[PDB]
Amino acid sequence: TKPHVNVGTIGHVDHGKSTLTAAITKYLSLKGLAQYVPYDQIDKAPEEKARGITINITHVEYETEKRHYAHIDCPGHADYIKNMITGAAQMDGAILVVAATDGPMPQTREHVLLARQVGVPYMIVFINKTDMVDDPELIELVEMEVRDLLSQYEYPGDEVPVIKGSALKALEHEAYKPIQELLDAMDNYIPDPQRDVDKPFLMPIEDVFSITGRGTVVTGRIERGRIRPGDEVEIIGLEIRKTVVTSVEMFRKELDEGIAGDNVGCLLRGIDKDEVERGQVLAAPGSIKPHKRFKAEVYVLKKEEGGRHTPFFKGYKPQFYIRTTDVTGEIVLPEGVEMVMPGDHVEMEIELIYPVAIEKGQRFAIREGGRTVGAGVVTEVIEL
């Protein structure tokens, strides 16, 4: 059975993302490896909802002989902003489409920035529209500039695969080679995703209660990794404490192990009922640390998406929903940024009133009153 990998086409509008997506499904349909989805159906993307946010996004699926790919493609720049920050459809690798004619453009830069900010681990470049460029040295110019763009945002720009071709020619036989070259790069450059159960154990604590004569139980849904009776864990958030999970219980049965997705109850050895609380996390020791201060790429929701008309500003103190708890925090904006209007995104500095377990790449909501006013992805954690 083939591993499932999430990918998507990013880049500036009209550079050929939707055309490349169609060409991939057509090329693979000829080998019985994909449903052919024509360009018109990919381009007219349907709507879907990430909580109150509506995003236009096309999902298609196709297989190489080795892999099953889940592929996303969006019409508008705003769709990519919302999809990448809210994590509606996450990506193991991004296919950066850059037209060789006009070359890299504002959304080329911004989508690379967003990919880095949201933690997309690998980039593959497809230089499109080469059928329109007669001077081959100018195609190399575009490649070099895209490589420098990736390096500017800490991607290994010298090492990423860069495929040149014409998505349109492929969509209309020798023009299939860039498609095959692209798929081989996806097969070889993007590694098989490590699955949640080999990741370090983490479970946010939802509820705490005491069994008299036995000890303190914390309940929560395991986010990643495994927990087994006898394992050592740390309680992170709000001074770090070590303990042993004596027992893992789910559906009135003691488990040999709890895995990601299991809502379990963990009996904590020697933990007083008043010293652990909702919002802390159980974690494999050393795998995550408490922080009061961190940076995060934050999208400010529009009023129509459930947010407010008011922008974010220096000193704004909303609530930060970090896993199972919400904590007051104070906003600081980067240099030269005085406000963030709804619909915009920026990297903000956040200082919570008390430390919580938080890590790079973690997503969180920002709420003010009853409205969700922002969505963020942690980009940096600051030492306590």
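The numbering used is simple: start at 1 and walk along the sequence shown.
Undergrad: Between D274 and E275, determine how many residues of the deposited chain lack coordinates; answer none if the chain runs continuously, otherwise 1 to 3, 4 to 9, or 10 or more.
TA: The entry has no gap there; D274 and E275 are joined directly.
Undergrad: Hey, how big is the hole between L238 and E239 in terms of deposited residues without coordinates: none, 1 to 3, 4 to 9, or 10 or more?
TA: Going from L238 to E239, the model skips 1 to 3 residues of the deposited sequence.
Undergrad: On mean Cα temperature factor in this entry, is 194 to 202 or 127 to 135 the higher one?
TA: That would be 194 to 202.
Undergrad: Which is higher on average in the deposited entry, the C-alpha temperature factors of 140 to 148 or of 173 to 181?
TA: Comparing averages over the C-alpha atoms only gives 173 to 181.
Undergrad: Maximum C-alpha temperature factor per the entry, among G11, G369, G361, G376, belongs to which one?
TA: Comparing C-alpha B-factors across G11, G369, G361, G376, the maximum falls on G369.
Undergrad: Out of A88, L301, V97, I81, whose C-alpha atom has the biggest B factor in the entry?
TA: Highest CA B-factor of the listed options: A88.
Undergrad: By the record's CA B-factor, is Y153 among the lowest, middle or highest third of residues in the chain?
TA: Its C-alpha B-factor belongs to the middle third of this chain's values.
Undergrad: If you rank every modelled residue in this chain by C-alpha B factor, which third holds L255: lowest, middle or highest?
TA: It belongs to the highest third of the chain when residues are ordered by C-alpha B-factor.
Undergrad: Considering only modelled residues of the same chain, in which third does the CA B-factor of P229 rank: lowest, middle or highest?
TA: As the PDB entry reports it, the C-alpha B-factor of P229 lands in the highest third of its chain.
Undergrad: Can you tell me which third, lowest, middle or highest, the CA B-factor of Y69 falls into for its chain?
TA: For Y69, the deposited C-alpha B-factor lands in the lowest third.
Undergrad: Lowest, middle or highest third: where is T58 by C-alpha B factor in its chain?
TA: For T58, whose C-alpha B-factor we compare with every modelled residue in the chain, the answer is the lowest third.
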